[PDB]
Amino acid sequence: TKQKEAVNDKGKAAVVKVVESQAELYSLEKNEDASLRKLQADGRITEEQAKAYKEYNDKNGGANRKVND
């Protein structure tokens, strides 16, 4: 964009990110790392670990009472 060359090109014809998206699927297939949300969504976590669901209530702030109504 600031230099001129025969080799240089816009590169708009081809998209590099195309391969990046496929990378996500690869990781997903291996399930190397998964968020909590997915875990329960997939039901990967056990019932014993499901007890953590109480974290939802804490997040809302219900556990933390407000001084003002």
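Our structure is the block above this text.
Right, let's walk through the structure included here.

### Some words on the overall build of the chain
Within the chain one finds four helices and zero strands. Per-residue burial for the chain yields a buried fraction of 0% across its 69 residues. When the accessible area of the chain is evaluated, it comes to approximately 7,600 Å², of which 50% is carbon and sulfur surface. Across the chain, the 14 positively charged side chains and the 13 negatively charged ones have centroids separated by 8 Å.

### Some remarks on the layout of surface pockets
Its boundaries defined by the atoms lining it, the largest pocket holds a volume of some 280 Å³. Lining the largest pocket, in full, are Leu36, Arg37, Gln40, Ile45, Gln49, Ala50, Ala52, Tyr53, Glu55, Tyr56 and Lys59. Only α2 (36-42), α3 (47-50) and α4 (54-60) provide two or more residues apiece to the lining of the largest pocket.

### A word on unusual backbone geometry
Its identity as a non-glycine residue notwithstanding, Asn31 has a phi of 55 degrees, on the positive side. Position of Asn31 among the secondary structure elements: in the loop between α1 (17-30) and α2.

### Things to note about a nonpolar patch on the surface
The grouping of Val15, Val16, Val18 and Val19 at the surface amounts to a nonpolar patch, some 360 Å² of accessible area in total. With respect to the secondary-structure elements, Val15 resides in the segment before α1.

### Description of α1
Note on helix geometry: an α-helix contains 3.6 residues per turn, so any two residues three or four positions apart are oriented the same way. Given a rise of 1.5 Å per residue, 14 residues ought to cover 20 Å, and the 21 Å separating the end C-alpha atoms of α1 matches this to within 8%. Phi turns positive, to about 55 degrees, at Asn31, one or two residues after α1.

Criteria and thresholds
- Residues numbered from 1 in each chain as written, not as in the entry; some residues may be left out.
- Heavy atoms only, no water.
- Helix = DSSP H or I, 4+ residues; strand = E, 2+ residues; numbered from the N terminus.
- Buried < 20%, exposed > 50% of the residue type's maximum accessible area, 1.4 Å probe, protein only.
- Areas by Shrake-Rupley, 256 points an atom, 1.4 Å probe, with all protein chains shown as cover.
- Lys, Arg positive; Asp, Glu negative; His and termini not counted.
- Charge placed at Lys NZ, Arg CZ, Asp CG, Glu CD.
- 1 Å grid on protein atoms, 1.4 Å probe; cavity = no way out; pocket = protein on both sides within 12 Å on 5 of 7 lines; lining within 4 Å.
- Points joined across faces, edges and corners; volume = space filled by probe spheres on them.
- Patch = residues over 30% accessible without salt bridge, like charges linked within 9 Å, V, L, I, M, F, W, Y side chains within 5 Å.
- Salt bridge = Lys/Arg side-chain N within 4 Å of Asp/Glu carboxyl O.
- Expected span 1.5 Å × (residues − 1).

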